[PDB]
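S.K.: Dumping the structure here so I can ask a few things about it.
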Amino acid sequence: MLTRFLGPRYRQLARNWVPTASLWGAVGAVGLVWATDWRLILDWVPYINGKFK
Amino acid sequence: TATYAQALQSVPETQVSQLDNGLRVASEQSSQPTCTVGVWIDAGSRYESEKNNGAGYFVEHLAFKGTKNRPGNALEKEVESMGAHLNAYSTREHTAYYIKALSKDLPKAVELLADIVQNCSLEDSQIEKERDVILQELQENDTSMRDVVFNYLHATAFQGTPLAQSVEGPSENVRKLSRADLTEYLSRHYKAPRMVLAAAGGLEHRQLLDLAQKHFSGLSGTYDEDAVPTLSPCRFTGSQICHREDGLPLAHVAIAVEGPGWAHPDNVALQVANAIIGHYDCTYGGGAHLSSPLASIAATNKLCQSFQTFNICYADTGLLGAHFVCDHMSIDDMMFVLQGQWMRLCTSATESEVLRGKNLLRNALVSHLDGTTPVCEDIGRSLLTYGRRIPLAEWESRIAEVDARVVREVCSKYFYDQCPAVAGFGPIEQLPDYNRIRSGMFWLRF
Amino acid sequence: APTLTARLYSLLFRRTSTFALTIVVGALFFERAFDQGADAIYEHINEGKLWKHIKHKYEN
Amino acid sequence: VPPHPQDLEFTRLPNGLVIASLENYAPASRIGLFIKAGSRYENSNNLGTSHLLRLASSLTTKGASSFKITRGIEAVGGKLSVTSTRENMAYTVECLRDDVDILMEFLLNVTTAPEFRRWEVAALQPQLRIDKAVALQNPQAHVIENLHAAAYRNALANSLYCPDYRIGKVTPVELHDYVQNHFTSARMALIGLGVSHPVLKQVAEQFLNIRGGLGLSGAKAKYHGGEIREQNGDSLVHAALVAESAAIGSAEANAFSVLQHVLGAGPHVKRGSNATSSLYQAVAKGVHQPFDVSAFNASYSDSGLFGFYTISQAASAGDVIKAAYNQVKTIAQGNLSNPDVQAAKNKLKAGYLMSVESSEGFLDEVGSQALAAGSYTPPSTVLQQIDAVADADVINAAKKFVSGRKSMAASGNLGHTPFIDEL
């Protein structure tokens with residue numbers, strides 16, 4: 001039933017929206033990291049080391 | 001049996017000569033018993049000032065009404081007697097005078113065109129008669145909601161510039177243009193380097209050149225002379241004009257971004273894109289089944305009486321967008337669907353639809369250039385704008401190059417996050433606020 | 001010789017994706033820089049806080 | 001140098017189908033199927049059927065769906081059109097050279113395999129109302145439609161547009177009946193531009209071998225005369241005054257065509273005084289207000305209508321008609337110079353040759369010719385036929401108008417528009 005969305009037009013539409021989908025993924029990840037002050041990632045950002053000891 | 005590709009090569013070369021004048025003389029030879037001949041001039045309302053505006057149009061009204069050699073109706077009498085047709089137009093950039101005649105009548109046709117273009121009488125009694133004729137044509141043009149919105153679109157998009165002005169000019173200019181104003185226009189503008197003698201049909205080029213040397217000699221051949229202007233560039237402004245008139249049964253809306261000029265290579269890909277959006281009218285076969293999503297939805301949901309895409313070109317600027325005609329309760333929906341299609345093409349043009357757009361352009365170009373008259377117009381206009389005739393094989397190469405990536409880059413350059421010019425005339429209460437039109441020029445998901 | 005506003009538009013503001021990415025990267029770096037300054041302004045105004053606490057610690 | 005032109009190729013089949021092709025080595029091709037199926041072939045029981053047919057060309061067929069026709073044509077940037085006169089329907093198809101086969105297949109499916117599905121037929125009926133309303137916003141369309149109903153008892157009396165009472169009432173069976181009766185080999189001509197003659201001939205033998213229809217070319221159009229008068233108050237009076245002239249292809253028709261150009265057809269000059277137009281100058285003498293006049297010439301398989309058409313101010317309608325009628329009377333009485341006939345012959349000859357310049361005009365000319373005459377006549381023999389019209393033939397044609405039982409149609413404010421009677 002979802003055979004409908006398989007064909008060269010739909011592959012091209014996938015290719016067009018992929019830099020946008022991944023850039024939104026970048027917005028979400030940096031957004032979640034910022035909002036929770038997330039430890040694992042934010043120790044590794046070379047300014048923003050305002051824990052130190 | 002020949003291919004499309006072979007057939008384009010078999011279309012014969014446009015021959016071009018230049019006179020000592022500066023007058024370019026150019027032809028496409030065919031088999032036809034008939035021809036179109038004409039003079040194309042780099043003159044129009046873009047060349048005119050506030051005081052001058054409407055002069056070229058006034059000259060158009062006088063051009064056929066007597067010369068020094070054929071006074072009064074004598075030119076009319078000669079054109080009619082040979083079964084010929086004599087016509088004229090003035091755009092913002094270009095004036096043209098042309099004869100449809102029998103090929104055997106090419107010597108007198110060239111003779112008459114030279115007599116019109118150089119030796120126009122402008123008899124004071126005739127100028128007075130034409131005054132009342134032009135004013136009535138203004139009263140007439142007022143009833144054409146299409147002509148009105150396009151004048152409004154130019155007047156708002158080009159604001160403080162000579163491209164803001166109509167061809168026909170304001171009514172006060174019509175009533176106070178003297179013979180001396182017109183003589184000065186003709187002196188400044190009807191100069192041999194700024195004019196092209198074009199022909200298409202059953203003629204040799206040599207014969208056209210000989211007649212050009214006979215009849216067009218000594219326009220400029222000691223003169224040309226001081227004070228010319230070149231065209232200053234015309235500032236585009238993102239703006240709105242709203243002529244609210246509820247007495248009128250249907251709304252007219254025209255919306256455009258800044259196009260590039262005549263010269264610019266990405267006119268071709270913009271036209272591919274415009275063909276994809278297409279045109280519609282309520283008398284088309286195919287409601288639901290039409291390829292264009294604007295056309296399909298406008299037909300299904302009854303959004304529309306008509307729409308059209310346009311790419312109007314001037315030197316170094318243009319008007320690129322769309323015009324539509326609809327019911328008072330349909331303007332908001334029409335705009336949403338129009339803008340969504342621009343946004344769709346900018347971001348996510350697929351390949352199949354681009355091929356359709358390409359094919360529609362290939363068909364449009366070949367269908368247009370069919371007859372002595374459209375080919376002659378194409379010679380005259382092309383030599384003014386491009387300097388060459390761009391052959392059909394070249395246009396083909398330019399169309400073939402366009403794919404989905406080209407459509408999406410080229411659309412983004414002109415449409416994406418750009419300030420449109422908007423003109424509205426009629427029952428336009430439901431016409432979206434400009435801020436909300438502006439917000440339609442980008443997508444938040446992209 | 002083109003403007004910095006023009007470059008900030010062209011590279012970052014045109015796509016809503018990159019526009020949002022600019023603000024979120026912008027907000028993280030701003031939170032650090034604003035808090036660091038606003039502490040240091042408040043600290044310079046006051047000076048009887050635990051500026052004193054050299055007295056009582058380190059003896060331990 | 002261009003290529004030296006190919007000649008037109010022409011074939012009558014034993015079944016009566018004509019095939020005509022030209023190879024002008026052009027980037028686009030044009031195919032027309034021309035059929036003796038115009039509105040004259042309607043009777044009282046089925047008026048407007050050919051209107052609804054003209055509007056039904058992208059509906060579902062046996063070989064292609066409605067959707068396929070629209071999308072497949074548009075994919076290659078093609079066109080499908082139907083042009084109707086009172087005598088003919090003409091199904092035309094344009095595409096680039098490489099795309100002829102898909103457009104041919106669609107053309108064949110529209111004309112020989114239409115399904116007229118009840119629901120697709122029903123959904124289409126409101127298009128009759130739209131198409132009529134758009135056409136009838138020119139006052140000329142209502143006048144010429146009334147003019148024919150006034151003129152004819154019969155068949156040429158039929159409107160091109162569906163009668164209002166019939167909108168919603170034209171049935172699938174009537175459409176099926178119209179195609180079966182009229183879209184047959186003996187009533188048909190296949191015309192191609194920028195396709196080979198063998199490819200057309202192959203199409204015609206394989207796909208256009210139909211007969212169980214009707215014997216040919218009319219009920220016979222009974223000229224009658226009379227008047228229709230439509231009060232409008234419409235600022236301008238539009239009037240048309242006519243008599244029975246000559247059937248197309250007769251030598252007499254050529255005399256009528258020359259007479260038309262003596263009297264004056266359209267304008268030649270943008271904004272001109274129409275100096276060599278006999279009707280215009282005669283009206284202009286005693287009428288100082290805005291007006292128009294033209295000679296009207298409509299020639300058919302078995303009849304013709306000739307006279308004149310006037311646009312004028314309501315109060316000036318009588319003056320304009322009478323001035324125009326008297327100017328024809330002057331020509332009937334013998335007041336016609338040889339220079340006038342020679343100028344009028346020049347306008348005819350140039351007008352015709354210009355009419356066949358485009359692919360569009362050439363194909364319509366070749367199609368109509370094939371239906372009316374069963375032949376192709378080259379431009380130089382059309383021009384020879386024009387030349388053979390003597391001054392006396394032009395006088396005689398004008399005499400037939402003056403003495404002939406009249407037909408009249410008028411729309412506007414009619415308080416000053418006369419009544420045949422009063423002319």
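Naming scheme: A, B, ... for chains in displayed order of the structure tokens; residues 1 onward per chain; ligands 1 onward as shown.
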Show me, as an mmCIF file with C-alpha atoms, in the first residue's frame, the residues that have an atom within 8 Å of residue 385 of chain B when counting only C-alpha atoms, minus same-chain residues fewer than 3 positions from it.
M.R.:
data_model
loop_
_atom_site.group_PDB
_atom_site.id
_atom_site.type_symbol
_atom_site.label_atom_id
_atom_site.label_comp_id
_atom_site.auth_asym_id
_atom_site.auth_seq_id
_atom_site.Cartn_x
_atom_site.Cartn_y
_atom_site.Cartn_z
ATOM 1 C CA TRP B 262 16.624 40.935 -21.730
ATOM 2 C CA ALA B 263 20.368 40.063 -21.830
ATOM 3 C CA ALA B 315 17.031 46.528 -20.145
ATOM 4 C CA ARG B 381 13.366 43.163 -31.487
ATOM 5 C CA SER B 382 16.361 40.766 -31.139
#
S.K.: Can you build me a table of chain D residues sitting at most 6 Å from chain B, with the closest atom pair per residue and its distance in Å to one decimal, using only C-alpha atoms, sorted by chain and residue number, as CSV?
M.R.:
residue,atom,partner,partner_atom,distance
D:2,CA,B:12,CA,5.6
D:25,CA,B:7,CA,5.8
D:26,CA,B:7,CA,5.5
D:27,CA,B:4,CA,5.0
D:67,CA,B:289,CA,5.3
D:75,CA,B:356,CA,4.8
D:76,CA,B:359,CA,5.5
D:77,CA,B:360,CA,4.1
D:97,CA,B:4,CA,5.2
D:268,CA,B:85,CA,4.5
D:269,CA,B:86,CA,4.7
D:270,CA,B:87,CA,5.2
D:343,CA,B:81,CA,4.9
D:346,CA,B:83,CA,5.2
D:347,CA,B:83,CA,3.8
D:350,CA,B:83,CA,5.5
D:357,CA,B:371,CA,5.4
D:358,CA,B:371,CA,4.8
S.K.: Just N, CA, C and O atoms for this one: save the residues we selected as a PDB file, in the first residue's frame.
M.R.:
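See result.pdb below for the written result:
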ATOM      1  N   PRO D   2      16.941  28.727 -48.179  1.00  0.00           N
ATOM      2  CA  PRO D   2      16.296  27.543 -47.568  1.00  0.00           C
ATOM      3  C   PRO D   2      16.392  26.247 -48.434  1.00  0.00           C
ATOM      4  O   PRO D   2      16.873  26.349 -49.580  1.00  0.00           O
ATOM      5  N   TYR D  25       9.981  20.972 -43.572  1.00  0.00           N
ATOM      6  CA  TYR D  25      10.923  20.336 -42.634  1.00  0.00           C
ATOM      7  C   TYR D  25      11.058  21.116 -41.291  1.00  0.00           C
ATOM      8  O   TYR D  25      12.171  21.340 -40.774  1.00  0.00           O
ATOM      9  N   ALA D  26       9.902  21.256 -40.640  1.00  0.00           N
ATOM     10  CA  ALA D  26       9.628  22.196 -39.561  1.00  0.00           C
ATOM     11  C   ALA D  26       9.806  21.459 -38.203  1.00  0.00           C
ATOM     12  O   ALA D  26       9.535  20.242 -38.153  1.00  0.00           O
ATOM     13  N   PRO D  27      10.203  22.167 -37.108  1.00  0.00           N
ATOM     14  CA  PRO D  27      10.419  21.499 -35.805  1.00  0.00           C
ATOM     15  C   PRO D  27       9.146  20.949 -35.162  1.00  0.00           C
ATOM     16  O   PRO D  27       9.234  19.981 -34.399  1.00  0.00           O
ATOM     17  N   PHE D  67      -7.567  11.551 -17.749  1.00  0.00           N
ATOM     18  CA  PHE D  67      -6.282  11.841 -17.116  1.00  0.00           C
ATOM     19  C   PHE D  67      -5.077  11.644 -18.040  1.00  0.00           C
ATOM     20  O   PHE D  67      -4.236  12.523 -18.106  1.00  0.00           O
ATOM     21  N   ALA D  75       2.714  16.674 -21.099  1.00  0.00           N
ATOM     22  CA  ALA D  75       4.100  16.182 -20.878  1.00  0.00           C
ATOM     23  C   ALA D  75       5.072  16.489 -22.021  1.00  0.00           C
ATOM     24  O   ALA D  75       6.241  16.837 -21.774  1.00  0.00           O
ATOM     25  N   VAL D  76       4.561  16.408 -23.254  1.00  0.00           N
ATOM     26  CA  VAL D  76       5.326  16.731 -24.479  1.00  0.00           C
ATOM     27  C   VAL D  76       5.101  18.191 -24.969  1.00  0.00           C
ATOM     28  O   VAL D  76       5.800  18.669 -25.894  1.00  0.00           O
ATOM     29  N   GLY D  77       4.329  18.938 -24.172  1.00  0.00           N
ATOM     30  CA  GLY D  77       4.009  20.330 -24.432  1.00  0.00           C
ATOM     31  C   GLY D  77       3.085  20.518 -25.615  1.00  0.00           C
ATOM     32  O   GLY D  77       3.117  21.570 -26.220  1.00  0.00           O
ATOM     33  N   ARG D  97       8.103  17.421 -33.680  1.00  0.00           N
ATOM     34  CA  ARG D  97       8.424  16.323 -34.621  1.00  0.00           C
ATOM     35  C   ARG D  97       8.485  14.896 -34.036  1.00  0.00           C
ATOM     36  O   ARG D  97       7.638  14.074 -34.392  1.00  0.00           O
ATOM     37  N   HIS D 268      -7.117  47.933 -43.272  1.00  0.00           N
ATOM     38  CA  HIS D 268      -5.742  47.638 -43.674  1.00  0.00           C
ATOM     39  C   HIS D 268      -4.725  48.454 -42.872  1.00  0.00           C
ATOM     40  O   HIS D 268      -3.593  48.011 -42.691  1.00  0.00           O
ATOM     41  N   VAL D 269      -5.151  49.619 -42.362  1.00  0.00           N
ATOM     42  CA  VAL D 269      -4.258  50.599 -41.710  1.00  0.00           C
ATOM     43  C   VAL D 269      -4.704  50.787 -40.253  1.00  0.00           C
ATOM     44  O   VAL D 269      -5.916  50.873 -39.985  1.00  0.00           O
ATOM     45  N   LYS D 270      -3.742  50.742 -39.316  1.00  0.00           N
ATOM     46  CA  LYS D 270      -4.019  51.058 -37.913  1.00  0.00           C
ATOM     47  C   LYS D 270      -4.405  52.509 -37.750  1.00  0.00           C
ATOM     48  O   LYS D 270      -3.643  53.414 -38.113  1.00  0.00           O
ATOM     49  N   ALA D 343      -8.214  46.776 -57.613  1.00  0.00           N
ATOM     50  CA  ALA D 343      -7.857  46.977 -56.186  1.00  0.00           C
ATOM     51  C   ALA D 343      -8.453  45.907 -55.241  1.00  0.00           C
ATOM     52  O   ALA D 343      -7.740  45.369 -54.389  1.00  0.00           O
ATOM     53  N   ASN D 346      -6.790  42.610 -55.830  1.00  0.00           N
ATOM     54  CA  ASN D 346      -5.523  42.684 -55.086  1.00  0.00           C
ATOM     55  C   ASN D 346      -5.634  42.456 -53.586  1.00  0.00           C
ATOM     56  O   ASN D 346      -4.791  41.762 -53.011  1.00  0.00           O
ATOM     57  N   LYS D 347      -6.689  42.996 -52.972  1.00  0.00           N
ATOM     58  CA  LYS D 347      -6.962  42.794 -51.543  1.00  0.00           C
ATOM     59  C   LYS D 347      -7.342  41.337 -51.229  1.00  0.00           C
ATOM     60  O   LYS D 347      -6.794  40.750 -50.281  1.00  0.00           O
ATOM     61  N   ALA D 350      -4.013  39.033 -51.874  1.00  0.00           N
ATOM     62  CA  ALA D 350      -3.071  39.229 -50.759  1.00  0.00           C
ATOM     63  C   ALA D 350      -3.591  38.644 -49.447  1.00  0.00           C
ATOM     64  O   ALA D 350      -2.888  37.843 -48.826  1.00  0.00           O
ATOM     65  N   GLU D 357      -0.224  31.568 -44.672  1.00  0.00           N
ATOM     66  CA  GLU D 357       1.161  31.794 -44.225  1.00  0.00           C
ATOM     67  C   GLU D 357       1.625  30.869 -43.090  1.00  0.00           C
ATOM     68  O   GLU D 357       2.768  30.387 -43.115  1.00  0.00           O
ATOM     69  N   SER D 358       0.827  30.821 -42.019  1.00  0.00           N
ATOM     70  CA  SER D 358       1.045  29.942 -40.866  1.00  0.00           C
ATOM     71  C   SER D 358       0.648  28.523 -41.210  1.00  0.00           C
ATOM     72  O   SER D 358      -0.223  28.305 -42.077  1.00  0.00           O
TER      73      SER D 358
END
S.K.: Calculate how many Å separate atom CA of residue 45 of chain D from atom CA of residue 210 of chain D, rounding to one decimal.
M.R.: 24.7 Å
S.K.: Which residues of chain A come within 12 Å of chain B, and what is each one's closest atom pair and distance in Å (one decimal), counting only C-alpha atoms, sorted by chain and residue number, as JSON lines?
M.R.:
{"residue": "A:7", "atom": "CA", "partner": "B:352", "partner_atom": "CA", "distance": 11.4}
{"residue": "A:8", "atom": "CA", "partner": "B:351", "partner_atom": "CA", "distance": 8.6}
{"residue": "A:9", "atom": "CA", "partner": "B:350", "partner_atom": "CA", "distance": 6.2}
{"residue": "A:10", "atom": "CA", "partner": "B:350", "partner_atom": "CA", "distance": 8.6}
{"residue": "A:11", "atom": "CA", "partner": "B:350", "partner_atom": "CA", "distance": 9.4}
{"residue": "A:12", "atom": "CA", "partner": "B:350", "partner_atom": "CA", "distance": 6.1}
{"residue": "A:13", "atom": "CA", "partner": "B:348", "partner_atom": "CA", "distance": 6.3}
{"residue": "A:14", "atom": "CA", "partner": "B:348", "partner_atom": "CA", "distance": 9.2}
{"residue": "A:15", "atom": "CA", "partner": "B:348", "partner_atom": "CA", "distance": 8.9}
{"residue": "A:16", "atom": "CA", "partner": "B:348", "partner_atom": "CA", "distance": 5.6}
{"residue": "A:17", "atom": "CA", "partner": "B:348", "partner_atom": "CA", "distance": 7.3}
{"residue": "A:18", "atom": "CA", "partner": "B:446", "partner_atom": "CA", "distance": 10.7}
{"residue": "A:19", "atom": "CA", "partner": "B:446", "partner_atom": "CA", "distance": 9.6}
{"residue": "A:20", "atom": "CA", "partner": "B:446", "partner_atom": "CA", "distance": 6.2}
{"residue": "A:21", "atom": "CA", "partner": "B:446", "partner_atom": "CA", "distance": 8.9}
{"residue": "A:22", "atom": "CA", "partner": "B:446", "partner_atom": "CA", "distance": 11.3}
{"residue": "A:23", "atom": "CA", "partner": "B:446", "partner_atom": "CA", "distance": 9.5}
{"residue": "A:24", "atom": "CA", "partner": "B:445", "partner_atom": "CA", "distance": 8.9}
S.K.: Mind listing as a PyMOL selection string which residues of chain B are within 9 Å of chain C, counting only C-alpha atoms?
M.R.: chain B and resi 416-417+442-446
S.K.: Please give the complete set of residues from segment 102-271 of chain D that DSSP, run on the backbone, assigns to strand (DSSP E), formatted as a list in words.
M.R.: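 Result set for segment 102-271 of chain D (strand (DSSP E)): residues 188, 189, 190, 191, 192, 193, 226, 227, 228, 229, 230, 231, 236, 237, 238, 239, 240, 241, 242, 243 and 244 of chain D.
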